[PDB]
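One structure is given below, encoded as structure tokens.
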Amino acid sequence: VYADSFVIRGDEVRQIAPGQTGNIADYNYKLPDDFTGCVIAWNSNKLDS
Amino acid sequence: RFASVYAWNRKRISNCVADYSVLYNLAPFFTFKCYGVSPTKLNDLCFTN
């Protein structure tokens, strides 16, 4: 089991779908299309800002 | 000013270069609802109009 956690600005939360390009993903971390697993995402404006 | 539902405005675009790379961030395109053509590979097809 591998949990990979980070924080991204809320404009492209739905871009992290596998096999998709995007400036926050194609130059930081990309995901293979044959990936199996789950995605969890939520807003954290008040804990960080 | 935009148009009404019964009087929507219709514009044909021709004789230019389909470049949606700058259309990614600017005009952020909140909907990924493209089903006839996959929007990730939009730049690889040529449209007569």
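If you're wondering about the labels, chains in the structure tokens are A, B, ... by order shown, residues count from 1 in each chain, ligands from 1 in order shown.
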Margin query: as a list in words, could you give me every residue of chain B near chain A (at most 12 Å apart, counting only C-alpha atoms)?
Written below: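 Interface list for chain B against chain A: residues 21, 22, 23, 24, 25, 26, 27, 28, 29, 30, 31, 32, 38, 39, 40 and 41 of chain B.
For the pair CA of residue 4 (chain A) and CA of residue 33 (chain B), the interatomic distance is 27.7 Å.
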Next item on the list: List every residue of chain A that DSSP, applied to the backbone of this structure, assigns to helix (DSSP H, G or I), and report them as a PyMOL selection string.
Entry: chain A and resi 13-16+45-48
Check: To one decimal place, how far is CA of residue 41 (chain A) from CA of residue 3 (chain A) in Å?
Finding: 12.7 Å
Check: So which residues touch residue 6 (chain A) within 12 Å, counting only C-alpha atoms, skipping near sequence neighbours fewer than 6 positions away, as a PyMOL selection string?
Finding: chain A and resi 13+16+28-29+39-42+44
With N, CA, C and O atoms retained, could you export that selection as a CSV table (one decimal), in the first residue's frame?
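See out-v7.csv below for the written result:
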chain,number,residue,atom,x,y,z
A,13,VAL,N,-8.1,20.3,-9.4
A,13,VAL,CA,-8.2,19.1,-8.6
A,13,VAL,C,-8.7,17.9,-9.3
A,13,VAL,O,-8.3,16.8,-9.0
A,16,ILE,N,-6.1,15.2,-12.0
A,16,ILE,CA,-5.1,14.2,-11.6
A,16,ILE,C,-5.6,12.8,-12.0
A,16,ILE,O,-5.1,11.7,-11.6
A,28,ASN,N,5.4,18.1,-12.9
A,28,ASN,CA,5.7,17.8,-11.5
A,28,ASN,C,5.6,16.3,-11.2
A,28,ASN,O,6.6,15.7,-10.7
A,29,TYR,N,4.5,15.6,-11.6
A,29,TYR,CA,4.3,14.2,-11.3
A,29,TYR,C,3.1,13.7,-12.2
A,29,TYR,O,2.0,14.3,-12.1
A,39,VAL,N,-8.5,8.1,-5.2
A,39,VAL,CA,-8.1,9.5,-5.1
A,39,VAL,C,-8.9,10.1,-4.0
A,39,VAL,O,-10.2,9.9,-4.0
A,40,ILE,N,-8.3,10.9,-3.1
A,40,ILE,CA,-9.0,11.6,-2.0
A,40,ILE,C,-8.6,13.1,-2.2
A,40,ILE,O,-7.4,13.3,-2.3
A,41,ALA,N,-9.5,14.0,-2.1
A,41,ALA,CA,-9.2,15.4,-2.2
A,41,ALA,C,-10.2,16.2,-1.5
A,41,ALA,O,-11.4,15.9,-1.5
A,42,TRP,N,-9.7,17.3,-0.8
A,42,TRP,CA,-10.6,18.2,-0.1
A,42,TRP,C,-9.9,19.5,0.1
A,42,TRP,O,-8.7,19.7,-0.2
A,44,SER,N,-8.4,22.8,2.0
A,44,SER,CA,-7.7,23.1,3.2
A,44,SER,C,-7.2,24.5,3.2
A,44,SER,O,-6.0,24.8,3.5
Item checked: CA of residue 17 (chain B) to CA of residue 44 (chain B), straight-line distance in Å ->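 Value for the CA of residue 44 (chain B)-CA of residue 17 (chain B) distance: 12.0 Å.
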Check: Between A:31, A:25, A:45, A:38, which one has atoms that come closest to residue 10 (chain A), using only C-alpha atoms?
Finding: A:45
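Using only C-alpha atoms, the residues found no farther than 12 Å from residue 36 (chain A), other than those of its own chain fewer than 6 positions away, are residues 1, 2, 17 and 18 of chain A.
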